[PDB]
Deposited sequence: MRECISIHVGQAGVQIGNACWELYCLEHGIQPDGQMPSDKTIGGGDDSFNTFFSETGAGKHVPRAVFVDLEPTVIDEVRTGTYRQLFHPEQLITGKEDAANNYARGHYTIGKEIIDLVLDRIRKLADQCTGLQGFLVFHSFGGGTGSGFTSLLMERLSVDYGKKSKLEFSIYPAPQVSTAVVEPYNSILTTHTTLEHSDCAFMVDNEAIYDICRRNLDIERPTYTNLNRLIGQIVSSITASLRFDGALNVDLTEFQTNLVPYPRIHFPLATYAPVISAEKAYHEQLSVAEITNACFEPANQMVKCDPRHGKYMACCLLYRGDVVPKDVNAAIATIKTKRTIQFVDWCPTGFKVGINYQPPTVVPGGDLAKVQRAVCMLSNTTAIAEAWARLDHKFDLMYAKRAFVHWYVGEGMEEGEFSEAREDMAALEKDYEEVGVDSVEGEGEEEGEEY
């Protein structure tokens, strides 16, 4: 019941999935074989007549490598071979290859496997899509998939966990194109999207975890802690709180304004000695500092249309209120005059579980702050500029066109992006 099927597309998608999935296993005492010694986790895990618990997930990729690393992996037994779908040729950083040329060949088989995972759902809430904005599979295939589930599952909830490209964290010259094309094609099909700016994750490892050159493992594990916090409200059931979808209602005032900004706290290096531990208000304040944001933007300058706090570990309302009050006095948190000034609060019981032999330290209490600020539109604007720069000259556009696409698609996608920027301008008016 209240079922939730996860989908991991491309290199970024799959590797984040693995980070998520090992952590999930830890949170619910699940061993890499599947066996385990709150029935609520079943929303994510199917169970067999043998007692093995299998994730309600699908790993897709247009090339073998990444998925094969799972197949020969430490969790080779955690999934069905059926639920790990690979191609033979990647989308070579081309949305038009992911969406058309190459992905067309895999789509039907994928949807077919998603349907088999669906048939085991007494009452499916929806889908969680993990992809890259940059990769040809993370961009093109994802859009194709979202488009097809909107036909297949209709108005069923579709969530995103997208990875906003950053120069510091790999990236390729053509990613701004792939980034814009996906957002556009996906817009209609998405109920709500969690944008993750790789630079932020980079900057957090670099500053809080003290990692001169962070590994994808260091990034991905960090990301997982934020994601598991967003999904705690589904894999766990507490009297205390834990209640997504209700957040979704506050966060989304209008269909297209569905991208919250996540600010997680605390990120502590597993070498920060004496520490142990922090107060509720310390972590509550941490949320308002930009140096904790998942996406690099400036909400001090924009306006708010929602604010949600997702507490976990050892949190009591007494001091949440106290904290929330001290904040609400300060005038930098300016909301629009069309929505209330309250912050929607949810509290978990299960303390943040940390990865054995990890980079992060064990915390008595962690928080994730989801909010609808007009300032996220800065990420769009950033991406758009790089798009405009190249497109102005049609640099690399031949690759798309050669794969079947039309110049028109870029303009269509770009106008959409521009309208989305206007939508955020319009919405922040009082």
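The chain's deposited sequence has unresolved stretches at 38-45, 439-451, with no C-alpha coordinates there.
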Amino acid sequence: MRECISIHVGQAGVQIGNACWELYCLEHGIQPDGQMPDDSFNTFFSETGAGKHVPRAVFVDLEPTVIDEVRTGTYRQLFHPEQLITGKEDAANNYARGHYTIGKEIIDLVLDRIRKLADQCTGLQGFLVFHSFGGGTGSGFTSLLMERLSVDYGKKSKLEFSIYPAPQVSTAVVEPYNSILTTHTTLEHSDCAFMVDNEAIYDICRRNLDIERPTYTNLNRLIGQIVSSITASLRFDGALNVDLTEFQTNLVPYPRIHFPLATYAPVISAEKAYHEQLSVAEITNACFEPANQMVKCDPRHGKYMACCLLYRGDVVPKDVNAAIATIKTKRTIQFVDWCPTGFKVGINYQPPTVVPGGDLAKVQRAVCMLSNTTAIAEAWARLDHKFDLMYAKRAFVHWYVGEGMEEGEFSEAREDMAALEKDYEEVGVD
From here on, numbers count along this sequence of modelled residues.
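As the entry records it, the average C-alpha temperature factor is higher for 342-350, out of 342-350 and 164-172. Across the two stretches, 215-223 and 323-331, the PDB entry reports the greater mean Cα temperature factor for 323-331. Which of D388, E47, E63, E403 has the largest Cα B-factor in the deposited entry comes down to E47. If you compare the C-alpha temperature factors of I85, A118, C287, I230 in the entry, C287 comes out highest. The entry lists a Cα temperature factor for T249 that places it in the middle third of the chain's modelled residues. Among all modelled residues in its chain, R56 ranks in the middle third by Cα B-factor.
When all modelled residues of the chain are sorted by CA temperature factor, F41 is found within the highest third.
Among the modelled residues of its chain, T183 has a C-alpha B-factor that falls in the lowest third, as given in the PDB entry. In this PDB entry, the Cα temperature factor of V429 sits in the top third of its chain's modelled residues, the highest group.
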